[PDB]
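Close look at the chain arrangement
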There are 4 protein chains.
Amino acid sequence: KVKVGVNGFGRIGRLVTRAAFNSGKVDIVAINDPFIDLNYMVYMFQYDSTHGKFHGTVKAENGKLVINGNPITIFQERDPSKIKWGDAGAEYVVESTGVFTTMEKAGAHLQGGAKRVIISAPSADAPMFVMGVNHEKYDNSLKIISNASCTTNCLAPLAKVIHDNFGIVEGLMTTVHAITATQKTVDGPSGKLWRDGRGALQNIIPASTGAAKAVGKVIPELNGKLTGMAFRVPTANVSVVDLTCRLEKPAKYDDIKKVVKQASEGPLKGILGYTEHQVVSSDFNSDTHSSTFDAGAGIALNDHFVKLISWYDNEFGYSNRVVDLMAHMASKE
Amino acid sequence: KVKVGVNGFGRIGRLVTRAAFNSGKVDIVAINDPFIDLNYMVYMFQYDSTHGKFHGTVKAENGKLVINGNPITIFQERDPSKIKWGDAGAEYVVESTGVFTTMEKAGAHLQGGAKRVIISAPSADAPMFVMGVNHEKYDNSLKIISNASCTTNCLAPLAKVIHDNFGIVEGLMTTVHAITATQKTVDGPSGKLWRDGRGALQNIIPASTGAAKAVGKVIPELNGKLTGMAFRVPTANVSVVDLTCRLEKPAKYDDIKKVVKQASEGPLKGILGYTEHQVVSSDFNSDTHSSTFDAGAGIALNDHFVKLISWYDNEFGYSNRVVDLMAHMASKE
Amino acid sequence: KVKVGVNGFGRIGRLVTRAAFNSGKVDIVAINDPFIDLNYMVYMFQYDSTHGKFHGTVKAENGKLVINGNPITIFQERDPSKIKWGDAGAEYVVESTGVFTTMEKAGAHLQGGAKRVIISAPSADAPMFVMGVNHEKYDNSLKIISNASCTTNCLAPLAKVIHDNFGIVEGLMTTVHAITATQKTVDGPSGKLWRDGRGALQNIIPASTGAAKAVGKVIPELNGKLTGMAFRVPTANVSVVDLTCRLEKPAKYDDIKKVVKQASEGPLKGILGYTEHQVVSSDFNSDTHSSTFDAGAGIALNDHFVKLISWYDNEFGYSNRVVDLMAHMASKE
Amino acid sequence: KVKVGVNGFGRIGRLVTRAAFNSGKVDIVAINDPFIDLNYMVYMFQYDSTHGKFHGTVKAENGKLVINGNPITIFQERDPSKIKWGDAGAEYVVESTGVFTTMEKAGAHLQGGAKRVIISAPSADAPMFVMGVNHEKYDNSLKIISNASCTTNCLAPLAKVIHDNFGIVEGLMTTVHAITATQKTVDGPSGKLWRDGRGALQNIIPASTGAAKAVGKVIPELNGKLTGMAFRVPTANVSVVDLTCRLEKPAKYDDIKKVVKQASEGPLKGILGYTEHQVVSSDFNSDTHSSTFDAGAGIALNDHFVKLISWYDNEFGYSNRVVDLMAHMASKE
Ligand SMILES: NC(=O)c1ccc[n+]([C@@H]2O[C@H](COP(=O)([O-])OP(=O)(O)OC[C@H]3O[C@@H](n4cnc5c(N)ncnc54)[C@H](O)[C@@H]3O)[C@@H](O)[C@H]2O)c1
Ligand SMILES: NC(=O)c1ccc[n+]([C@@H]2O[C@H](COP(=O)([O-])OP(=O)(O)OC[C@H]3O[C@@H](n4cnc5c(N)ncnc54)[C@H](O)[C@@H]3O)[C@@H](O)[C@H]2O)c1
Ligand SMILES: NC(=O)c1ccc[n+]([C@@H]2O[C@H](COP(=O)([O-])OP(=O)(O)OC[C@H]3O[C@@H](n4cnc5c(N)ncnc54)[C@H](O)[C@@H]3O)[C@@H](O)[C@H]2O)c1
């Protein structure tokens, strides 16, 4: 029902658009990207190495990007404050360029007529939300919000179930993550982050990530009780969270499995999945869950110290959550 | 000094051979592999996708494999008990086929004339040793021993320094490991381990490993205090250990760095390395250390709960340790 | 309509099965494979790293593999002559193990009750067929036939159109091919073909192939006028043919494009595809065509000397052709 | 003996520097690059995912980059005309940024005191040279020249031998090429060349290249007789040329092997290599040849139509040729 504008037609921008058209929860009416012109957008949206060809029609007609017969107004503005979102009917704007993540920068979309902005990435100051964890805390006074990161969306739902049932005293996370657009094909310049400049296809690359610490923001009781790091590995998509945590209350591995499965079939259905199958990363290709607990992969040392594994299609799950968040925001109008 | 025979001229078999001829600490005099004839061995030893062309000379001459002018007797037996090690003068036999890891199966080499057998992998019952951690425990009454696994050789040295200084109350390990010969190029049969049959190039594959629990064998005080699992990723070589542990005594990260660096420059020099550089996996290709602590990659939640990272060339480091172990055994004869 | 048995539940065996159910052209009633028991077959068929999770249902029940509610009888015989195909009612058998490609070896299935056998690979003596090129040459006297190779199925349709219209004087083909089950994850034993044993993830590997010369089997006028070779590269699926040929009747590139496009919309529809889009290999993942002409990738030096490019999903296209061939055979009974 | 400056410390810039320091042919005295500060240069030079760690010494000292005890002046100018090469003592300047390939743009280095400029890439108007093919045509009146491309440096030597001996009527080339810095890790923007923006790890990507046509420049008699294209594949380094050509005079494949072997042992030694071994791409990692003929990989259809295969480390071979060219230029001062 709510009309949406998308700033940045990258992996997230394009997949959020796909999710929107596939679920029908929101209607994309405008897209802005100064580097990708209309004809090129058709091509980028139609063919996707990771998620396959688009199911439907996508064409350029009279200057509009038409997807399944729905005309989308296209903008090519480098400065957010200059995008005429209002004229195009875009009430909500998905900020997915990665360069306007602060309240001040993301707020520029409001100058163009947009009513609310959803940053598809962590924000230093904008309120962060995670579907299934604290999205109910959202309220109409918030005009600029964040949907956190893919990794936080994977860890948070799992951590909530674990903390709620056994209490997390402290935890350390490692995410074995697929390569992303910020990486390089061969050893190249990355002045601010040297390891990230090394060839992505040749290396296992350690990288910092505030995704675990961020959980404390969506689950206040866990603030200061979690942190971790990441390892970028040579796969194009799908990542996995490895959470090592200490529990305050005794928890046999089978008890953990029971509560997680119960959560996946109830309140967290569609967000937190559960499996006992002998899965591998590709099995989650295009899987829309934010997190899928892998029962057989985890291992416990004792009743108070365990390692829990959860899979996440870092592109598809997150993109669907952005749409879900906007759908929820719309119901609160 | 001690004359050695190699059973299974594979990644470890060939690299152990390369390591032996480089240091000259032991003399390879015989090799057995029914799946690689003499002329084929020349080619397999001469060219290596991972470690480059052999630096010396290798040729087939008078029915022997000649490396740097040293003739090696070649056997082609599937049955270990049928190998005439004695006639070839092989005193120690490196059992690197991966299919004769028990005392009973590995002991077959003794029937052929060998005096001792070193299993290049963990064993269900053969005494396990890790250079720099418990190799001094070895004695002449042991005719069949194990050099553990690559992963245990990476974790044990680090765990030793951490435990000796701060005391490890409990720890959970994850190793992001390069693919190996047991994996498949595309989804194929692996009846005993379903996940391992899935395409190695396309997937992050969780796998069980007793490497962490095994540390309890080489470091008795840590028995039952460590365990973990592995993730196989799409890289041809070099792996990394991710140890999440709770310490008894307060250990600020800088103090952890200090003690590990001190150990690397002293009693564990050559076994445990230390670096503060912004390294990635490829920086350790052909690195002979058993474990190299990555100061910048690790992260601490507090003074008693930290995640430690250590790199290891799973093929090269381990192969050099097999040679070091035999050299130590020889010194006690 | 015709009831089919599948010997060898591998990439081709499983995808032929998937194709049979998805297309519904033939009915799979039996499967034989000594290295994959019933429960494992459910897993291998349900999850696929390359083509995604099966969209229907698959379960084990009372010793049967039930796909979309259809019970499949399961055999576990290593000896083809011992498989009781008749017990299951299987009339045609798809021989896809890769080890019974001769008439004598493939014919073993007739002893168990099967009526005809289709070898999913080239055969030294079994008549070979390529859908769209010479499948009409099949007749009821042939009880054992071959569906050629994936590469021949890609080149033959294209060669047919080019020869029919311009006449091929001579041609040399190179196929840049995805890795297959015959390759190794790391440098390993491959006594008959040394290059094939080298690490598949690390290398571009030259390989011989009789696929181009084999076009003559199905297009006799091209006997002695074609041959080529292959390069195996680090991709899990989808390959490409690169045909460099000299024409008898000079033709502008646009005219070549015209006749190929015409063919793709006519008699060769579904077999020979045509595209002018800026495609890459992934765009053909799960594409059922035997060959798809890439108009923009090819290049002509002049009107009589050109390089033509055609894509093929080596797993999916071929598997669908096997089903198409059996449907055609059934119509001739 | 000649003092050299390097503009652009990328793959080629850094590798040309490595080659310069291990031949004494030339001495690097200055380097310019605005996107890589001094401390970062130390890191990028000392570690290399493809060619391993630098085995000599490298450190930042007193504002200069010191390699093997030799101080190098470091500049950070974005405008070539502003670099003070003259005062730094740089007589020749290697232009390896890839953005100043024309006579006009490359000449900017002359304004700063440089005497001659060697463009490490094809130039639209600067005279191009290929060592072993037409470098004897260079003379000291030329202040700005081009060393062509890696691909042209691979094809030219081979084409010369084939043409000189049998005469090339016409030919079409395909190069299966490793990924480069211009590619993307995941589907991203490449507005000018859409296929090049597609994920480099996931795809075989067809791409245009004028390397074959350029051979007609270094070998005038082949002007307009050669052209071709490329396929980018998921490997980090080492590429291969696939030349399909028509010969004027008859030539059995063994005759071709004979003349290529002869050329490699004489006039083209070190430039054109020859092998009959069962090699794969990795065997050419860090190989300094411009082209290595693979006897066993090629195939002939008849005495006048053949497919010839030649390997080339696109980074290492070329970088060494740049140094060899400057050494030649110096001998002609
Ligand atoms: N590769 C690593 O990173 C690594 C590290 C530490 C330990 N290991 C262990 O070392 C052992 C070998 O590993 P690898 O990676 O070298 O494997 P590999 O497959 O490369 O080598 C095995 C070799 O054994 C030969 N072989 C098989 N059966 C034989 C028989 N009956 N008699 C004689 N030879 C036979 C094979 O032809 C092959 O060359 C395994 O137990 C493995 O778990 C591997
Ligand atoms: N994969 C491709 O791209 C492709 C394309 C065209 C043709 N082919 C051809 O198809 C055949 C199979 O190839 P694949 O890629 O599916 O191989 P694969 O290894 O994936 O499958 C082979 C299957 O045969 C089974 N098997 C082995 N021995 C058996 C026996 N004695 N009885 C019954 N089953 C047995 C194995 O367990 C395995 O599941 C080969 O001849 C191959 O050349 C492959
Ligand atoms: N890599 C190969 O395989 C290969 C082989 C032969 C030729 N080439 C050619 O060599 C050139 C460089 O290629 P590469 O692969 O080394 O690329 P690269 O991206 O690795 O290196 C380019 C370098 O130029 C620097 N740079 C950019 N603008 C600059 C400026 N204005 N002044 C100074 N430095 C600047 C960058 O920071 C970077 O470090 C290209 O023209 C390319 O076509 C590449």
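Method of determination, as given in the entry header: X-ray crystallography; reported resolution: 1.75 Å.

**Here we look at the overall build of chain A**
Within chain A, the secondary structure is distributed over seven helices and 16 strands. Over its C-alpha atoms chain A spans a radius of gyration of 20 Å, differing by no more than 12% from the 20 Å that the globule rule assigns to 333 residues. With respect to the principal axes defined by its C-alpha atoms, chain A has extents near 65 × 45 × 35 Å. Looking at the 333 residues of chain A, the share that counts as buried comes to 65%. Long-range pairs, those at least 24 residues apart, make up 69% of the contacts in chain A with a sequence separation of at least 6. On chain A, roughly 11,700 Å² of surface is accessible, and the fraction owed to carbon and sulfur atoms is 49%. For chain A, the centre of its 36 positive side-chain charges and the centre of its 33 negative side-chain charges are spaced 2 Å apart.

**Quick word on the site of ligand 2**
Residue and element names in this part refer to chain C. In the region of ligand 2, 24 residues are neighbours, and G10, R11, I12, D33 and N314 sit closest. Within the contact set of ligand 2, an oxygen atom lies 3.4 Å away from a backbone nitrogen or oxygen of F9. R11 places a main-chain nitrogen or oxygen 3.0 Å from an oxygen atom of ligand 2. In isolation ligand 2 has 840 Å² of accessible area, and contact with the protein removes 81% of it. Residue composition of the shell around ligand 2, by class: 10 nonpolar, nine polar and five charged. Residues lining the shell around ligand 2 come from more than one domain, with at least three contributed by each of domain 1 (1-147 + 315-333) and domain 2 (148-314).

**Some remarks on the sheet that holds strand β8 (residues 144-146) of chain A**
Residues and elements named next belong to chain A. Taken in spatial order, the eight strands of this open sheet run β3-β4-β5-β2-β1-β6-β7-β8, and their pairing is mixed. The two strands at the open ends of the sheet, each matched to only one other strand, are β3 (58-61) and β8. Across the sheet, the axes of successive neighbouring strands diverge by a mean angle of 25 degrees, strand direction being ignored. Both strand β2 (residues 27-32) and strand β5 (residues 70-75) contribute to a ladder of three bridges, which runs parallel. Across the sheet, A30 pairs through a bridge with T73, a residue of β5. Along the sheet face, helix α2 (residues 38-46) touches β2, β3, β4 (64-67) and β5 and points at about 175 degrees away from the line of β3. Taken strand by strand, helix α7 (residues 316-331) contacts β1 (3-7), β6 (92-95), β7 (116-119) and β8, and its axis lies near 155 degrees from that of β7.

**Some details on the side chain of A:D313**
Residue and element names in this part refer to chain A. If you trace the backbone, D313 turns up in the loop between β16 (305-312) and α7. It is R11 that comes nearest to the buried, bridge-free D313 among opposite-charge side chains, at 7.7 Å. Engagement of the side chain of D313 in a polar contact is seen with the backbone nitrogen of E315, the distance being 2.9 Å. Beyond its immediate stretch of four places on either side in the chain, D313 contacts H51, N237, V238, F284, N285, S286, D287 and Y318.

**Digging into the relation of the copies chain B and chain D**
Mapping chain B onto chain D is achieved by rotating through 180 degrees and translating by 0.1 Å along the same axis, at an RMSD of 0.4 Å. Within this description, the copies of the chain are treated as partners about a two-fold rotation axis. Taking C-alpha positions as the reference, the residue of chain B nearest the rotation axis is B:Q202, at 4.9 Å. A high fraction, 92%, of the interface residues of chain B reappear at the interface in chain D, so the copies pair face to face through one surface.

**Examining the nonpolar core**
C:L65, C:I256, C:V260, D:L65, D:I162, D:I256 and D:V260 are the most contacted members of the largest nonpolar core, which totals 189 residues. Beyond its immediate stretch of four places on either side in the chain, D:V260 contacts D:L158, D:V161, D:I162, D:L272, D:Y274 and D:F293. Within the second largest apolar cluster, 186 residues are counted, among which are A:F54, B:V16, B:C154 and B:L268.

**Topic: the packing of aromatic side chains**
Overall, the coordinates contain 47 aromatic pairs over all chains when judged by the stated rule. Measuring from ring centre to ring centre gives 5.6 Å for C:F284 and C:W311, while their planes differ by 15 degrees; the resulting arrangement is stacked. On the criterion of sequence distance, the pair formed by C:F284 in the loop between β13 (272-275) and β14 (291-294) and C:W311 in strand β16 (residues 305-312) is long-range, its members being 27 residues apart. For C:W311, a relative accessible area of 1% gives the class buried. Geometrically, the ring pair formed by D:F9 and D:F45 is stacked, given 6.1 Å between the ring centres and 20 degrees between the ring planes. Of this pair, D:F9 sits in the loop between β1 (2-7) and α1 (11-20) while D:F45 sits in helix α2 (residues 38-46), and the two are 36 residues apart along the sequence. Neither D:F9 nor D:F45 differs from the other in exposure class; each is buried. Each residue in the set A:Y40, A:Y43, A:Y47 and D:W194 is aromatic and connected to the rest through ring pairs, giving one cluster. The residue whose ring lies beneath A:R18 is A:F45, and the NZ or CZ to ring-centre distance is 5.8 Å.

Definitions and cut-offs
- Residues numbered from 1 in each chain as written, not as in the entry; some residues may be left out.
- Chains lettered and ligands numbered in written order.
- Heavy atoms only, no water.
- Helix = DSSP H or I, 4+ residues; strand = E, 2+ residues; numbered from the N terminus.
- Rg over C-alpha atoms; globule rule 2.2 N^0.38 Å.
- Buried < 20%, exposed > 50% of the residue type's maximum accessible area, 1.4 Å probe, protein only.
- Contact = heavy atoms within 4.5 Å.
- Areas by Shrake-Rupley, 256 points an atom, 1.4 Å probe, with all protein chains shown as cover.
- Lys, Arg positive; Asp, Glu negative; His and termini not counted.
- Charge placed at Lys NZ, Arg CZ, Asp CG, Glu CD.
- Near = heavy atom within 4 Å.
- Polar contact = N/O pair within 3.5 Å; in protein donor to acceptor, adjacent residues only side chain to side chain.
- Nonpolar A, V, L, I, M, F, W, Y, C, P; charged D, E, K, R; others polar.
- Domains from an automatic or database assignment.
- Pairing = 2+ DSSP bridges.
- Axes fitted to C-alpha atoms, helices over the stretch in contact; angles between N-to-C directions.
- Salt bridge = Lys/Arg side-chain N within 4 Å of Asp/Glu carboxyl O.
- Least-squares fit on C-alpha atoms.
- Core = buried A, V, L, I, M, F, W, Y, C linked by side-chain atoms within 4.5 Å.
- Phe/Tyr/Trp six-rings, centres within 6.5 Å; stacked < 30°, edge-to-face > 60°.
- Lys NZ or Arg CZ within 6 Å of the ring centre and 35° of its normal.

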